[PDB]
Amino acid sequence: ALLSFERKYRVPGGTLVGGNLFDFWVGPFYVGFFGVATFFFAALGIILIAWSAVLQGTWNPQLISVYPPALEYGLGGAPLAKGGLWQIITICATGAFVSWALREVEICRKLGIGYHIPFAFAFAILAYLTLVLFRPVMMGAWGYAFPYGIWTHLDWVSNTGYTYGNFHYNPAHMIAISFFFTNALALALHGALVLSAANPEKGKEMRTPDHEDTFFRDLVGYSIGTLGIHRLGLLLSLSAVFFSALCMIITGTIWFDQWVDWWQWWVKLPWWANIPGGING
């Protein structure tokens, strides 16, 4: 159950709640108070999805789908059969994600490392909550949230997007995609670079970080360095998700028309608005 080097780190302490009550492992897994909390919320959510599926009349995971309450309920409670289950499940999921984060904080404290991981995780948690809590509440109904099902949730993405024309035209959505794409570029390169140095041409000595910096300066004229690239990845990642949340928080709230039409602000600026020719005159 332990890695060869692990015993020295398995000391008491670091818990936020409960003292030494839950300060133990199960196999490789740290538990803690929040270990117990996440189990409780996950078990309860799964039971409730199971129940949803009996009411639906299918056990096929490609068809199971827990829907939010219809718009007619607004921000009220709804009957279990018609949206209440989705509401309770959402509470449980939120409880399980937040508990998972706090458990990582316990683990950080015991290992004496920084808190960057759970902090980053909170960005994902915040994107989730944008879609199922913040946007719906500003829009005035739980019905604007996405349903829990494999294919139904894509249906939602597609119907939601096409409500506003071609969603490509949401300008925050453009920024977000840029970061997503750039993050994947950066991850390919980082992985490639380190491995290209640890694993040089056959017969040669392992390369050094200097070879890494040289390689990039030769290639593109700059190298951000080894601390810089981990800072970069963290930032590209989190920015991606930040701009994702933002492109949705503004959709249906401050802006509810077709996104393509938003760009008329630019083209109708008075300096060029009526100058003939081009595409727009």
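One-based numbering along the sequence shown.
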property	result
Of 269 to 277 and 6 to 14, the stretch whose C-alpha atoms average the higher B-factor in the entry	269 to 277
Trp151 by Cα B-factor - lowest, middle or highest third of the modelled chain	highest
Relative C-alpha B-factor of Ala198, binned into the chain's lowest, middle or highest third	lowest
Third of the chain's Cα B-factor distribution that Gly191 belongs to, per the entry	lowest
Chain third (lowest, middle, highest) by recorded CA B-factor, residue given as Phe34	middle
Third of the chain's Cα B-factor distribution that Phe180 belongs to, per the entry	middle
